[PDB]
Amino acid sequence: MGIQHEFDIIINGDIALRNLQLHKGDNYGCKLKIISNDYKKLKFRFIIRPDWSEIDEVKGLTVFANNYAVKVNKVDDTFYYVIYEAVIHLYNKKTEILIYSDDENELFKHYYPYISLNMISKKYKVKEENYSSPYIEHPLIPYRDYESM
């Protein structure tokens, strides 16, 4: 049993995408398909609980939306949790968001989950679990203070 981080993403304080971590490995990420007519923008909070048993530092996150670079802000950085935020603006009905620590060696193809969030029909679903076991919670139940938005 190698490196086991935990990785969650909260959207709009309403939707929690929990348990997104890779089953093992020093990386964490998610691919999102957003379908929308009405949302001008989505607020994201990306929560990492790092496994410090082997690492020297906690990898940060890169975010692209339809392959345009998105501003990412680190808002907490502690031993037990490292938290990032972004507010992503939607310019097309369909937007692919790539969130990751690293994007190499088929991580998106075989490892990171792929989740669809249809904001029109309000249908939130896992398209591919790959090497993770996502749990989509809606409405979100805040189990930690840093989960509520």
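In this text, residue numbers run from 1 along the sequence as written.
Enquirer: Averaging only over Cα atoms, indicate whether 102-110 or 29-37 has the higher B-factor in the PDB entry.
Expert: Higher of the two, by average CA B-factor, is 102-110.
Enquirer: Once you work out the mean C-alpha B-factor for both 60-68 and 112-120 from the entry, which is higher?
Expert: That would be 112-120.
Enquirer: In terms of the chain's CA B-factor thirds, is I55 lowest, middle or highest?
Expert: Highest third - that is where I55 ends up once the chain's C-alpha B-factors are sorted.
Enquirer: By its CA B factor, does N12 count among the lowest, middle or highest third of the modelled residues in the chain?
Expert: Answer is highest: the recorded C-alpha B-factor places it there.
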